[PDB]
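Enquirer: dropping in the first section of the assembly, placed as in the complex:
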Amino acid sequence: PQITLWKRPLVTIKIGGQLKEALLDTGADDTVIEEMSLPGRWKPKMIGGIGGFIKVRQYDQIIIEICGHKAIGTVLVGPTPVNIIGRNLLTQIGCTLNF
């Protein structure tokens, strides 16, 4: 699809068999989701935002659907204000910025 930016580009994602809302964010290097249970081992990661740095849990090769487009990749879990789909997954679904 083609998504304008007059409102937040919020889309439905499916992760761990559950539907959630997430923001398509070109300004985010990685994907970060609110607290949830994910399988496997996690690795430590620090991400920086507008107000400073936060610690998150990094899970790899996680299956996730974004607006019905299938992706498998790195998902970070931590104290994020909203679920954010960053460039790591936007590139997987072939998302581009156009003007």
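Expert: That came through fine. Residues are numbered from 1 along each chain as shown, chains lettered A, B, ... in the order given.
Enquirer: report the buried residues of stretch A:48-67.
Expert: A:56, A:57, A:58, A:59, A:62, A:64, A:66, A:67 (16 or more other CB atoms under 10 Å). For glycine as for every other residue, the C-beta is placed from the backbone atoms N, C-alpha and C.
Enquirer: the first one and residue A:77 touch, don't they?
Expert: Yes - distance between residue A:56 and residue A:77: 6.1 Å, which falls inside the contact criterion (CB atoms under 8 Å).
Enquirer: overlap in contacts, those two.
Expert: residue A:32 (CB atoms under 8 Å, 6 or more residues apart in numbering).
Enquirer: residue A:88 sits in which helix or strand?
Expert: Assigned by DSSP states H and E, residue A:88 falls within helix A:87-92.
Enquirer: over to residue A:79?
Expert: If you go by DSSP H and E, residue A:79 is not part of any helix or strand.
Enquirer: give me the nearest residue to it, chain neighbours excluded.
Expert: residue A:54 (5.8 Å; CB to CB, 6 or more residues apart in numbering).
Enquirer: cool, residue A:12 as well?
Expert: residue A:19 (5.5 Å).
Enquirer: what sits against residue A:47?
Expert: A:29, A:30, A:32, A:53, A:54, A:56, A:76, A:78.
Enquirer: how about residue A:32?
Expert: Contacts of residue A:32 by CB under 8 Å, 6+ apart are A:47, A:56, A:75, A:76, A:77, A:78, A:80, A:83, A:84, A:86.
Enquirer: what's the local residue count around the residue nearest to residue A:12?
Expert: 9 (other CB atoms under 10 Å).
Enquirer: the following sequence is to be added as chain B:
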Amino acid sequence: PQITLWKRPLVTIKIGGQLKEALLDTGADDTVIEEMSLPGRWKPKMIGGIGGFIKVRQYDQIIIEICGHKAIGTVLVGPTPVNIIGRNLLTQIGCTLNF
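Expert: One more piece, chain B, placed on the ones above:
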């Protein structure tokens, strides 16, 4: 143009007679620029997200040139780690997400 998301979508902008590098950020509602002088009245505002909040100065009706496209809108000025072009100005240059 068509901007892919393999790397950070950094562009050159012209604001208040200065050239700056800024990130095209669909996840940001507002445009936030590092400390600089802007003309006119301003009001304080708090903006937040990953890492918490920061205090900024809100200037209205500011002209910005993004990739040669002229846009007018509110610009927040404060201690941001990166200059951000948010949705309030991305809509003005007719920027869309496509996949």
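Enquirer: once more on the contacts of residue A:47, with chain B this time?
Expert: With contact taken as CB atoms under 8 Å, 6 or more residues apart in numbering or on different chains, residue A:47 is in contact with A:29, A:30, A:32, A:53, A:54, A:56, A:76, A:78, B:50.
Enquirer: kindly report the same for residue A:61.
Expert: Neighbours of residue A:61 in contact, by CB under 8 Å, 6+ apart: A:40, A:72, A:73, A:74.
Enquirer: tell me the angle of the top strand by length along chain A relative to strand B:52-66?
Expert: When chain A is scanned for its longest strand (criterion: DSSP state E), the result is strand A:52-66. Calculated by axes from the mean of the first three to the mean of the last three CA atoms, to 10 degrees, strand A:52-66 forms an angle of 70 degrees with strand B:52-66.
Enquirer: neighbouring strands - and their directions - for strand A:52-66?
Expert: Pairing partners of strand A:52-66, with direction, according to DSSP bridges: strand A:10-15 (antiparallel), strand A:43-49 (antiparallel), strand A:69-77 (antiparallel).
Enquirer: and the ones you listed as TSV, adding distance to residue A:36?
Expert: Below are the strands paired with strand A:52-66 laid out as TSV (distance: least, CB to CB, whole Å):
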stretch	distance to residue A:36
strand A:10-15	7
strand A:43-49	16
strand A:69-77	6
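Enquirer: do you know which of those lies nearest residue B:98?
Expert: strand A:69-77 (12.2 Å; CB to CB).
Enquirer: past that closest one, which element shows up next along the chain?
Expert: Following strand A:69-77 toward the C-terminus (DSSP H and E): strand A:84-85.
Enquirer: how about that next one, does it reach chain B?
Expert: Yes - using CB under 8 Å from any CB of the partner chain as the criterion, contacts between strand A:84-85 and chain B involve residue A:84.
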